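*Asks:* This is the structure I have questions about; it appears just below.
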Ligand SMILES: OC[C@H]1O[C@H](O)[C@H](O)[C@@H](O)[C@H]1O
Ligand SMILES: OC[C@H]1O[C@H](O)[C@H](O)[C@@H](O)[C@H]1O
């Protein structure tokens, strides 16, 4: 079917109509990486690695053959202690104090479907014939450890998914100091590497670099996937762009500390590892226990970055996300945060609800400040009960009002966190994450809960269920506003404190999973001070995520473009906010804020009651137009057309039958003497005829893609134009 | 004098006429890096770091000030556990299992001179007024650890030297999982990074890269400084070249595992750490014990890379190297290795000695194959006694013959290594480095000794003294032909096995130090399969080192050019070898092999007895000419003029009074229709008049530097020309 | 210099012009915002700062200005009269080019006793990198007083250390500095 | 007006292209074999390409590196030619454009070209520019006002365009006086 093992040449071949992945068993049972790329029907031993005596690249135990070395061969995995001097995929500490591991091929199996990953998010299948999974087992015969390397291929996608499971079949514990989810080594490739660095209010700009000898590391230590470096990278040809050239993308399905390593070695080979960061990672694996890594999604495109992205979008949306809302149009909501910050009460919010109804909005989301005595960000996290001074008749009274006005109701929570000034801390001070004897460091004047402890998760779960069981809350914004700094888990022995970071993430996933599965009828939006936990692991739980606290239309071009390299546009949310912008002071046209906020799932986040009639009618118009196009903008195939560094940013979405397209083009800096520019479309049927719904003119798909059209020339910075095309019969 | 502390503004200033280095004590006793660069007379608080609330960059314990963060401030050091998410300079593991360290300023001292580093090579002073050293102590009041940060400034050099000493003043042990020698953080710099990657027979090519967000790592895990990545990097302006622009160079004085980290962070800052690699590094620091890191040499140049290199050359040669031979002209030797490999006996070597005398050579070096039963590289390491079948009357008889012919005598040893087929292994099998219970991996079919054990070092020391006490050996080539792979030290408890790599290097240094100090009358040349341990730490013991096993004139242009970025030319040796070249098959003119081998300390390594009379007379001529110029080529100020990527490689040396210069220009690929090229000189006195000793023509120094002259145009690949100029009175 | 009187596009035009031509040879006028040629909205202070690189003038209907804006013209003019001998005729050093997102330049009198420096930030960022400005053309051994703050710095400090640029919200922001050597 | 040919130089070329309301942006290019031409046919020196170029080292910037600047003292059609030839040499001509140029030189007559100012800097582009600034200001400009501070003027063009009369302008004059303007 999709996976074959040739027991004569010792070669495994995963293939479909799009891709082939080839690996082999080499001397000493060494698992070698041969190829990943466009599909081939057969393999005939022509990628056997040349045998050369390479100075200082040593040999197998007891071997006299100097021309084979685990330090030169391209491999599917590696360890410390095996005569390999690359950065190793795994490191084990044994009872004798050594870091020795020497893995050798033991066995394989080929299964239909793919296995569920215990305690972790993962891609899945709806029917077993959708995919097959090869599991290759490697063993160390001295320490009695086994490593299972999982490889899944879907029948109709250019994707390989990899993870690792470690098993201790010995008599004593070992400590896992590093366990990568995968390793792949390329020969004779001269790639550039694309990543998505950033910061708070500045996430996921596209960065592209040459690769020199040495190791380039893209990672997080913050206990989250982070604002500063997304858990993603792509390796591309120098000449790859959005529409042509090869690209290998790698996205780690994990929401904690990650590490992507790209090493160009002494023989010009490019060695890649991806997995949980090894920083303060030391997992005690007792006899008869197992450790499962998160998985990595690997995409191959033979025709540019849009095709790569589209494969991630489809896999994430169709076979990772589990929400019942993933295929439902997302509501046009208003969120009060930038509108009021903490300065509100029920009467104030009711006026916003009234205005939202008149403007045609579909949901009101109550943001931070509704609980405990939360007058600012210096108290009350952990006290998930209504602030009576703000809501004198309780929270249900307000939710009922929202529903009576014809809107859905959403509510913000920050379940992982605790304030010193909280009843929770007064009752359970040991729930706050710190190293005993050391005052912890604050961040936004708050601290992190010990979510690795079941009793701590149970407390928060019971508080939330007491609100949520009423079914008055249709939507939850689940936020998380600081990194982890004081790394400890108070119920673990000293020798297990290297488990604290990963147990925190496991605990987060357990609590979140319990809530999203109890409440399939609630739309969950992830948040972490914006996009600080914006990853494929998170998608499994929340089908949309607040992309950034930066709501400036213009900086959002950069953030949304980078986000879309991996993540489907329905997974990112985008709100029209006030001008001048609250984060950078930029002044933008209202129409430009709307256009950029229709790339993600549109919402509004400004005090609607302060708008003039002229501005309010503009909201009505934006909302009315978005409702006509949002099935296509939220779920259509995304093509990025122009990047903001060109002075324009442009993108479009096309429905699955290529019958409808919505295109947006934004010009950044105005010029007194501008060059004429054209926009060309993509993803259309060259033989269909498309009507421009604004002008009623009709153009062949071939014309729209090859000729394009001239962009309007207007004065003023930060101007946008949208186009809507529909195929005629 | 050179170092001031202002106790009002809490600012330390190290300065001389060339450089200033400024650091301060910031909030929470945080040691902040302000500046390193061209000298200033005074400082007036204008580099106080802006105070901004940066999302997710948290704050000091118990602080309400959100605008100060150890995650944003530029610092002189850092740790895990202090709310910094950069790659940390140090990581400590405490008895409670945490990785917490929170260092705060405690005190300072300012001393004349600089302290000796116990057990390690280091720069030094001849008089105390040559330099001053600031030591700043930081403490963790909970774990009772103190970190001393050493900073030395020389009065007349653009250099700062840094190291760290950790002290445990607590009641229980801690484990040091990482201790960098230094950290420096730059604000608003857009640097490129230069390093010296390579491989066996391909060391130290110059590589230059842009720096993107993330961490770039240049390192070794091989137990040696390595062929693959030298322990050096330079940060430069985009427009820096050999003759202009700023450069910051960093060279680690250590001959084991190194790690250079260059992190461009979320706020555009460039954070650098350098020190012992943290890979399998876990040092048990008991109460009342200390741990000293190696030091790093930091050079600032305001006028290009030659000036940077020249500062390293001068510091290494004058104040690191200790050999009595460091200021003595180096002999023109012949080494028999490529001439015979293992296929020789005494009669064969005596014929080479006879021919060497006739050619005017000064020393015969007997290479591998003279000891044990060493017929090939598959036995005998560890058995340092003469092979009687090859030398029937003993080694002394042959040395006496060499001396009677008027030549000095040199001898190869590989003291760190052991073969299974050796008497040493038969007598002391536990001396071989391996993880008990696991067969170790071979490399060149040999294994490494447990040099961390005194009894193992004592054995090798006594064997060597038995040969060397005769004073018949004038020179030693100390080789080392494999990396460490099975990392263990059999006399240490399990919890100290993270000390094995560093104890190996300490043991190596102890043995080597004992021998170079017992034998100040012997010239030691370092070697490790060529330049596999070519570093500033090694210079302290051996004043010259075999640069590469690649003896092709043309690839040696690349290797020697890169080597010279840090290392003075008298520290690298270079031999004329046979054509076609034994390593790559290249055919080169004899004159080109000579010219390239006169950049390093010249020698010959080919079977002199097989030369025709015509070739032998060419050796006579090369040797005669080298003896006339070698004081200037070995010890003059080096200027690189052209890099081989331009199709030419050119360099020159100028004596300290600018009265004499020797220039070499090598053309690589011939062209049928060549462009005319010119060579311009550097480092001359514009007001002196220089005679070309070949043509008798005389030119002003200004003419030679500004006008230059035309290179000869000749057919054929790989052609060289040399020039010798002397100032006239 | 140009019919384009937008402060921001004038950074590009004035920088290029100065590659050959002395700054007293180019004229520069404060004009209305939004700009008449490209529609850009700029702070009045930024239009003034950029128009003091060339020989300053005004080209807008003064009679339509509010009292608050008119008093800002008074202030600009008063300050320009104090510095224009140095800005019009001092030695020009370009420091930063607008492609870096900042444009900066300065003028120094013939005896290196007085300097006037201008730094303009183009695009605002929510999470900005800290930037420094270093000076040029000073005497490393003179001591220069910042006339706004009264603080005093060696010429060597101003050229080698520089100082941090202010961090503010909003696009198209400018700051000027005036230094004078003390005796 | 001149020709100069360089041997074994690998220069980049800096010019000042533009358009109306977009003059003199700095452009910097590598030089390949063939002829690169920077010129005007418009009867004026032009908005589209200033009569200037500089040849610089790849690593030259505002503060370091060599630069050769060339400015043609002519206000009509110019042509700057930079030819990298078959032997790697860089051949430069500068002068009046040859486009529709055919001058009848009768017996006993002469034809004088405009001159070209050639500056060499060994230390960056600011030093190059400063040499042009000084030469132009001190030994080309002849105005009695060249060394006099220039007035802070108001110009009515963007203020009124053609829509004015004397009474309207007198109100602007009145306001200019109150604001301290000089012309
Ligand atoms: O405190 C409330 C707040 O927290 C974060 O910064 C979020 O990302 C915001 O959208 C807002 O919810
Ligand atoms: O075995 C002998 C040999 O070992 C190495 O490769 C050295 O670098 C050589 O110069 C030679 O001494």
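Numbers run from 1 along the shown chain.
Using the three backbone atoms N, Cα and C, a Cβ is placed for every residue, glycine included.
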*Asks:* Among A:412, A:599, find me the residue Swiss-Prot lists at the same substrate site as A:367, A:368, A:444, A:477, A:478, A:479, A:480, A:481, A:527, A:528, A:529, A:530, A:549.
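*Replies:* For substrate, Swiss-Prot names A:367, A:368, A:444, A:477, A:478, A:479, A:480, A:481, A:527, A:528, A:529, A:530, A:549; of A:412, A:599, the listed one is A:412.
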*Asks:* Near ligand 1, meaning Cβ under 6 Å from any of its atoms: which of the recorded positions A:479, A:528, A:549 fit that description?
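*Replies:* Checked recorded positions vs ligand 1; flagged A:479, A:549.
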*Asks:* Roughly how many Å separate the Cα of residue A:412 (substrate binding site) from that of residue A:549 (active site, proton donor), to the nearest whole number?
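*Replies:* Counting only the Cα atoms, the answer is 15 Å.
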*Asks:* Could you state the whole-number distance in Å separating the C-alpha atoms of residue A:549 (active site, proton donor) and residue A:479 (substrate binding site)?
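*Replies:* Roughly 12 Å, rounded to the nearest whole number.
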*Asks:* Near residue A:549 (active site, proton donor), how many other Cβ atoms are within 10 Å of its Cβ?
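*Replies:* Looking across every protein chain shown, the total is 24.
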*Asks:* Out of A:367, A:412, A:477, A:479, A:528, A:549, which recorded positions come under 8 Å of chain B, measuring Cβ to Cβ?
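*Replies:* Only A:549 pass the 8 Å Cβ test.
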*Asks:* Of all the Cα pairs drawn from A:367, A:368, A:412, A:444, A:477, A:478, A:479, A:480, A:481, A:527, A:528, A:529, A:530, A:549, the residues the record ties to substrate, which distance is largest, in Å?
*Replies:* 19
*Asks:* What is the Cβ neighbour count of residue A:530 (substrate binding site) at a 10 Å cut-off, with all protein chains included?
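*Replies:* Taking every protein chain into account, the count is 25.
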*Asks:* Which of A:481, A:528 has the fewest nearby Cβ atoms, counting only those within 10 Å, among these binding-site residues?
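*Replies:* Across A:481, A:528, these binding-site residues, the one with fewest Cβ atoms within 10 Å is A:481.
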*Asks:* By a simple count, how many Cβ atoms lie within 10 Å of the Cβ of residue A:367 (substrate binding site), its own Cβ left out?
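*Replies:* By my count, 22.
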